[PDB]
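Structure first, commentary second.
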Amino acid sequence: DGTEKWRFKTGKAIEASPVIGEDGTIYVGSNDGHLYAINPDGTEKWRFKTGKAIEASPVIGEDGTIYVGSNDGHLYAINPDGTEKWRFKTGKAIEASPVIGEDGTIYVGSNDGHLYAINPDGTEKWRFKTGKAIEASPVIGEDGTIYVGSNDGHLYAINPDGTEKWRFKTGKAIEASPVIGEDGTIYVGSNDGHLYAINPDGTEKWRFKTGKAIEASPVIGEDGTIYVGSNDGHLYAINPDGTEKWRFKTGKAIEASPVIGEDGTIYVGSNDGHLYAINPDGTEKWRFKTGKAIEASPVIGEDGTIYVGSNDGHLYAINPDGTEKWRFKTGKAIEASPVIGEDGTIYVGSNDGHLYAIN
């Protein structure tokens with residue numbers, strides 16, 4: 001209903017979305033360097049200290065282990081009771097969340113340029129060198145291939161044994177994770193402005209040009225359309241053959257991935273401050289104005305409500321017809337997408353340092 005259930009103070013901005021465990025514990029990292037475990041009633045279950053800001057969401061393993069990277073260069077494995085299971089050193093900040101494979105191997109990139117594969121027990125299975133920082137999470141395909149983009153401009157396909165399957169060159173840094181279609185095509189945007197479709201064997205299927213960097217991952221619709229925002233301000237809908245189905249203009253860069261509602265409507269925030277709802281045919285269904293850039297993807301609740309945070313400090317709940325359900329004020333920009341619990345509580349961190357639980 002938009003009323004505050006509780007808030008929880010950390011010392012510094014919360015940059016990434018919280019994550020909810022099976023028992024309802026809410027886990028969130030802070031720029032104060034700690035991983036917090038918060039009980040559903042808003043009291044601290046425990047905290048865990050790292051040396052520098054935690055930039056990305058924690059990830060929970062099937063056994064309840066919570067993994068989190070830090071700007072201090074380590075990947076931490078934390079037991080459900082908040083004690084350290086192990087910590088794994090890389091040379092530089094770990095910017096993105098790790099991902100866990102079917103055999104338990106934990107993969108994560110570092111600003112030291114390497115993709116690390118870490119065994120469940122914390123020993124190194126292998127590392128794979130790229131030239132420059134790895135800014136986004138790796139993605140595991142159906143045969144266990146690990147795909148990761150690098151600031152060296154290449155998308156790498158790594159075999160489970162750590163050997164290179166292939167690498168695909170783009171001209172500029174790849175900032176977001178790739179996305180694999182049902183037929184195995186790998187889609188990835190680049191700061192060179194193009195969306196690339198890469199065949200399973202590493203050859204280019206096609207490329208689609210936008211004017212400016214593509215900051216966020218593409219999203220594939222049920223009929224195979226590939227949607228991607230660009231810093232040129234447009235949302236593009238690309239057919240599986242690489243031709244443009246349509247483009248939709250916003251005034252400013254689109255920094256986050258779009259999301260598709262149950263009826264096919266495509267929702268995207270823009271740095272022009274609006275949340276746009278776009279019909280499958282490319283026409284505007286409506287737009288909703290916030291005061292400042294919307295930096296993260298909208299989230300759709302079970303009843304169709306669209307939630308979005310803004311740099312104006314508010315969390316907005318928007319009805320499917322584009323009218324405001326409510327808004328909720330925090331003191332500073334909300335950088336990451338909110339997360340909805342099973343009872344409908346909406347959780348979101350703010351640059352004011354607090355994690356908010358909103359009814």
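The chains in the structure tokens are called A, B, ... from first to last as shown; in each chain the residues are counted from 1, and the ligands are counted from 1 in the order shown.
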task: Do a neighbour search on range 159-167 of chain A at 10 Å with only C-alpha atoms, toss out local chain neighbours closer than 6 positions, and write the hits as a PyMOL selection string.
output: chain A and resi 101+105+115-117+125-129+140+143-149+153+200-203
For the selection you just gave me, I'd like the residues written to a file as a CSV table (one decimal), in the first residue's frame, keeping N, CA, C and O atoms.
chain,number,residue,atom,x,y,z
A,101,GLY,N,27.7,-22.8,-11.3
A,101,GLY,CA,27.3,-23.9,-12.3
A,101,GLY,C,26.7,-25.1,-11.7
A,101,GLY,O,26.6,-25.2,-10.4
A,105,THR,N,30.7,-25.2,-9.2
A,105,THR,CA,31.8,-24.3,-9.5
A,105,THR,C,31.2,-22.8,-9.5
A,105,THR,O,30.2,-22.6,-10.1
A,115,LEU,N,38.8,-14.2,-15.5
A,115,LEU,CA,37.6,-15.0,-15.1
A,115,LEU,C,38.1,-16.1,-14.2
A,115,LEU,O,39.0,-16.9,-14.6
A,116,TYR,N,37.6,-16.2,-13.0
A,116,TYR,CA,38.0,-17.2,-12.0
A,116,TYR,C,36.9,-18.3,-12.0
A,116,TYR,O,35.7,-18.0,-11.9
A,117,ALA,N,37.4,-19.5,-11.9
A,117,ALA,CA,36.5,-20.7,-11.6
A,117,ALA,C,37.0,-21.2,-10.2
A,117,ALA,O,38.1,-21.6,-10.1
A,125,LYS,N,39.8,-23.7,-9.3
A,125,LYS,CA,39.8,-24.7,-10.3
A,125,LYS,C,40.7,-24.2,-11.5
A,125,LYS,O,41.5,-25.0,-12.0
A,126,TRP,N,40.5,-23.0,-12.0
A,126,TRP,CA,41.4,-22.4,-13.0
A,126,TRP,C,41.1,-20.9,-13.0
A,126,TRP,O,40.1,-20.4,-12.4
A,127,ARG,N,41.9,-20.2,-13.8
A,127,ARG,CA,41.7,-18.8,-14.1
A,127,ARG,C,41.9,-18.6,-15.6
A,127,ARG,O,42.5,-19.4,-16.3
A,128,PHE,N,41.2,-17.6,-16.2
A,128,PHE,CA,41.4,-17.4,-17.6
A,128,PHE,C,41.6,-15.9,-17.8
A,128,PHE,O,40.8,-15.0,-17.4
A,129,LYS,N,42.7,-15.5,-18.5
A,129,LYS,CA,43.1,-14.1,-18.6
A,129,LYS,C,42.5,-13.4,-19.8
A,129,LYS,O,42.5,-13.9,-20.9
A,140,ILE,N,26.3,-19.0,-18.1
A,140,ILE,CA,26.6,-20.5,-18.3
A,140,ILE,C,25.6,-21.0,-19.4
A,140,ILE,O,24.3,-20.8,-19.2
A,143,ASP,N,25.5,-26.5,-22.3
A,143,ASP,CA,26.6,-27.5,-22.4
A,143,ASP,C,27.7,-27.1,-21.4
A,143,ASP,O,28.8,-27.7,-21.4
A,144,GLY,N,27.5,-26.2,-20.5
A,144,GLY,CA,28.5,-25.8,-19.5
A,144,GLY,C,29.5,-24.7,-20.0
A,144,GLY,O,30.3,-24.3,-19.1
A,145,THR,N,29.4,-24.3,-21.2
A,145,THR,CA,30.3,-23.2,-21.7
A,145,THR,C,30.0,-22.0,-20.8
A,145,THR,O,28.9,-21.6,-20.5
A,146,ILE,N,31.1,-21.3,-20.4
A,146,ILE,CA,31.0,-20.0,-19.7
A,146,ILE,C,31.3,-18.9,-20.6
A,146,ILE,O,32.4,-18.8,-21.2
A,147,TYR,N,30.4,-17.9,-20.8
A,147,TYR,CA,30.5,-16.8,-21.6
A,147,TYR,C,30.7,-15.5,-20.8
A,147,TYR,O,30.0,-15.3,-19.8
A,148,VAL,N,31.7,-14.7,-21.2
A,148,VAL,CA,32.0,-13.5,-20.4
A,148,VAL,C,32.5,-12.4,-21.3
A,148,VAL,O,33.4,-12.7,-22.2
A,149,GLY,N,32.0,-11.2,-21.2
A,149,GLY,CA,32.6,-10.1,-21.9
A,149,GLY,C,33.7,-9.4,-21.1
A,149,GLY,O,33.8,-9.5,-19.9
A,153,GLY,N,37.1,-5.7,-25.2
A,153,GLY,CA,36.2,-5.7,-26.3
A,153,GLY,C,35.8,-7.1,-26.8
A,153,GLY,O,34.9,-7.1,-27.7
A,200,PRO,N,26.7,-20.4,-32.2
A,200,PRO,CA,27.3,-21.3,-31.3
A,200,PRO,C,28.8,-21.6,-31.5
A,200,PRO,O,29.6,-21.7,-30.6
A,201,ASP,N,29.2,-21.6,-32.8
A,201,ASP,CA,30.6,-21.8,-33.2
A,201,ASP,C,31.5,-20.6,-33.1
A,201,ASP,O,32.7,-20.7,-33.4
A,202,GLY,N,30.9,-19.4,-32.7
A,202,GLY,CA,31.8,-18.3,-32.6
A,202,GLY,C,31.8,-17.3,-33.8
A,202,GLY,O,32.4,-16.3,-33.7
A,203,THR,N,31.1,-17.7,-34.9
A,203,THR,CA,31.0,-16.8,-36.0
A,203,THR,C,29.9,-15.8,-35.8
A,203,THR,O,28.9,-16.1,-35.2
task: Name the residues of range 53-265 of chain A that fall into strand (DSSP E) according to DSSP on the backbone, using the chain letters and numbers of this document, as a PyMOL selection string.
output: chain A and resi 59-60+66-69+74-78+84-89+99-100+106-109+114-118+124-129+139-140+146-149+154-158+164-169+179-180+186-189+194-198+204-209+219-220+226-229+234-238+244-249+259-260
Shell of 9 Å around residue 90 in chain A, only C-alpha atoms, local chain residues under 4 positions omitted, as a list in words: residues 72, 73, 74, 75, 94, 110, 111, 112, 114 and 116 of chain A
field: Exercise: range 8-20 of chain A partners within 10 Å, only C-alpha atoms, chain neighbours under 4 positions left out, as an MDAnalysis selection string
entry: chainID A and resid 24:40 42:44 53:60 66 96:97 296 332:342 347:357
I'd like the contact shell of residue 327 in chain A - 10 Å cut-off, only C-alpha atoms, skipping same-chain residues fewer than 6 positions apart - returned as a tab-separated table (two decimals) with C-alpha atoms, in the first residue's frame.
chain	number	residue	atom	x	y	z
A	1	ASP	CA	0.00	0.00	0.00
A	2	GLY	CA	3.09	2.18	-0.07
A	3	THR	CA	3.58	2.64	3.67
A	307	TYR	CA	7.86	-0.62	-9.59
A	308	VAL	CA	10.75	1.65	-10.46
A	309	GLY	CA	13.26	3.63	-8.43
A	313	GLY	CA	14.91	9.46	-4.44
A	314	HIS	CA	11.45	7.89	-4.72
A	315	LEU	CA	10.27	4.37	-5.37
A	316	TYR	CA	7.23	4.56	-7.67
A	317	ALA	CA	4.46	1.98	-7.95
A	318	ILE	CA	2.70	2.47	-11.30
query: Out of A:95, A:244, A:284, A:223, which residue has the shortest atom-to-atom distance to residue 70 in chain A when counting only C-alpha atoms?
result: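 The answer is A:95, which sits nearest to residue 70 in chain A.
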query: Given the choices A:288, A:301, A:65, A:71, which gets closest to residue 51 in chain A if the distance is worked out from only C-alpha atoms?
result: A:71
message: Show me, as an NGL selection string, the residues that have an atom within 9 Å of residue 300 in chain A when counting only C-alpha atoms, minus same-chain residues fewer than 5 positions from it.
response: :A and (259-261 or 305-308)
Find the spatial neighbours of range 168-176 of chain A, counting only C-alpha atoms, within a cut-off of 7 Å - ignore same-chain residues fewer than 5 positions away - and output them as a PDB file with N, CA and C atoms, in the first residue's frame.
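Final output, saved to around_38.pdb:
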ATOM      1  N   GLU A 135      33.400  -6.551 -16.273  1.00  0.00           N
ATOM      2  CA  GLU A 135      32.453  -5.708 -15.542  1.00  0.00           C
ATOM      3  C   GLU A 135      31.113  -6.361 -15.265  1.00  0.00           C
ATOM      4  N   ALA A 136      30.789  -7.450 -15.927  1.00  0.00           N
ATOM      5  CA  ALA A 136      29.462  -8.052 -15.812  1.00  0.00           C
ATOM      6  C   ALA A 136      29.581  -9.532 -15.474  1.00  0.00           C
ATOM      7  N   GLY A 149      32.010 -11.193 -21.167  1.00  0.00           N
ATOM      8  CA  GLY A 149      32.575 -10.063 -21.873  1.00  0.00           C
ATOM      9  C   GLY A 149      33.688  -9.394 -21.103  1.00  0.00           C
ATOM     10  N   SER A 150      34.563  -8.701 -21.825  1.00  0.00           N
ATOM     11  CA  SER A 150      35.687  -8.020 -21.183  1.00  0.00           C
ATOM     12  C   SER A 150      35.761  -6.579 -21.691  1.00  0.00           C
ATOM     13  N   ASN A 151      36.411  -5.731 -20.899  1.00  0.00           N
ATOM     14  CA  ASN A 151      36.702  -4.372 -21.378  1.00  0.00           C
ATOM     15  C   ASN A 151      37.751  -4.366 -22.476  1.00  0.00           C
ATOM     16  N   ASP A 152      38.331  -5.533 -22.779  1.00  0.00           N
ATOM     17  CA  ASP A 152      39.203  -5.649 -23.940  1.00  0.00           C
ATOM     18  C   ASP A 152      38.425  -5.741 -25.244  1.00  0.00           C
ATOM     19  N   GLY A 153      37.107  -5.702 -25.161  1.00  0.00           N
ATOM     20  CA  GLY A 153      36.241  -5.685 -26.331  1.00  0.00           C
ATOM     21  C   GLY A 153      35.768  -7.055 -26.802  1.00  0.00           C
ATOM     22  N   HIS A 154      36.261  -8.141 -26.230  1.00  0.00           N
ATOM     23  CA  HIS A 154      35.912  -9.466 -26.729  1.00  0.00           C
ATOM     24  C   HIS A 154      34.878 -10.158 -25.847  1.00  0.00           C
ATOM     25  N   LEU A 155      33.995 -10.929 -26.488  1.00  0.00           N
ATOM     26  CA  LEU A 155      33.188 -11.906 -25.780  1.00  0.00           C
ATOM     27  C   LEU A 155      33.935 -13.224 -25.825  1.00  0.00           C
ATOM     28  N   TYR A 156      34.198 -13.791 -24.659  1.00  0.00           N
ATOM     29  CA  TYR A 156      34.916 -15.075 -24.555  1.00  0.00           C
ATOM     30  C   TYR A 156      33.960 -16.213 -24.254  1.00  0.00           C
ATOM     31  N   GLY A 189      25.560  -6.793 -26.433  1.00  0.00           N
ATOM     32  CA  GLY A 189      25.834  -5.451 -26.876  1.00  0.00           C
ATOM     33  C   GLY A 189      27.261  -5.034 -26.549  1.00  0.00           C
ATOM     34  N   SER A 190      27.713  -3.987 -27.238  1.00  0.00           N
ATOM     35  CA  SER A 190      29.051  -3.456 -27.031  1.00  0.00           C
ATOM     36  C   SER A 190      28.996  -1.934 -26.869  1.00  0.00           C
ATOM     37  N   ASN A 191      30.055  -1.382 -26.269  1.00  0.00           N
ATOM     38  CA  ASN A 191      30.206   0.074 -26.259  1.00  0.00           C
ATOM     39  C   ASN A 191      30.500   0.618 -27.655  1.00  0.00           C
ATOM     40  N   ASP A 192      30.777  -0.260 -28.623  1.00  0.00           N
ATOM     41  CA  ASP A 192      30.864   0.151 -30.026  1.00  0.00           C
ATOM     42  C   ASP A 192      29.487   0.468 -30.627  1.00  0.00           C
ATOM     43  N   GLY A 202      30.938 -19.423 -32.729  1.00  0.00           N
ATOM     44  CA  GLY A 202      31.787 -18.261 -32.578  1.00  0.00           C
ATOM     45  C   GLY A 202      31.802 -17.330 -33.769  1.00  0.00           C
ATOM     46  N   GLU A 215      24.533  -0.382 -22.859  1.00  0.00           N
ATOM     47  CA  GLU A 215      25.015  -0.564 -21.491  1.00  0.00           C
ATOM     48  C   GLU A 215      24.462  -1.801 -20.803  1.00  0.00           C
ATOM     49  N   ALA A 216      23.325  -2.327 -21.264  1.00  0.00           N
ATOM     50  CA  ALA A 216      22.581  -3.342 -20.532  1.00  0.00           C
ATOM     51  C   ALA A 216      22.313  -4.564 -21.396  1.00  0.00           C
ATOM     52  N   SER A 217      21.959  -5.666 -20.745  1.00  0.00           N
ATOM     53  CA  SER A 217      21.770  -6.882 -21.516  1.00  0.00           C
ATOM     54  C   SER A 217      20.518  -6.785 -22.390  1.00  0.00           C
TER      55      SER A 217
END
query: What separation in Å, quoted to one decimal, exists between CA of residue 198 in chain A and CA of residue 224 in chain A?
result: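 Spanning CA of residue 198 in chain A to CA of residue 224 in chain A is a straight-line distance of 15.0 Å.
In this model, the gap between CA of residue 158 in chain A and CA of residue 85 in chain A comes to 27.2 Å.
The residue that comes closest to residue 289 in chain A, out of A:186, A:180, A:275, A:100 and on the basis of only C-alpha atoms, is A:275.
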